[PDB]
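To start, the structure under review is shown below, and the notes come after it.
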């Protein structure tokens, strides 16, 4: 499996404008459109993103390519972070997947907030990291997802996704 596969399941797919847990206008595969309440703004963001007028409706194709960008964007931000870089450097191919999800789901900052989890990670202390990642709002809010993520960090296997 891979990050793509991984996040596809976590975020689902929707070719039409929808609302994320916070009341944010989103599309495709976790694609944040806007933070404005104006569904008119959310729409424009789209057409800007797609590069065509979409009347708020997209193709698999479009979602998937936006999906690719998002990730890479994600990826980039990590490499650019001082806190993350070293952790990401340290991981294996599966554990990174698991970090990237985190950054994707919450942004750079919120991931750099897990200070002690970041530490334990870097020290390869799996179990411990796990025990600690679970003591967050994150978990308490999207436990569903947080347990897959955590289990990944924990095992280094894709089991939580099989």
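Cβ from N, Cα, C; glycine included.
Pulled from Swiss-Prot, these are the features on record:
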- 11: active site, proton donor/acceptor (ACT_SITE)
- 20: active site, proton donor/acceptor (ACT_SITE)
- 32, 104, 117, 132: substrate binding site (BINDING)
## Note on the structure
Cβ atoms other than its own within 10 Å of the Cβ of residue 104 (substrate binding site), all chains, total 23
### Message
Restricting to the chain of residue 20 (active site, proton donor/acceptor) and a gap of 6 or more, list residues whose Cβ falls under 8 Å of its Cβ, or answer none.
### Response
26, 30, 32
### Fewest other Cβ within 10 angstroms of its own Cβ, chosen from the binding-site residues 117, 132
132
### Query
Which residues of the same chain, at least 6 positions away in sequence, have a Cβ lying under 8 Å from the Cβ of residue 11 (active site, proton donor/acceptor)?
29, 30
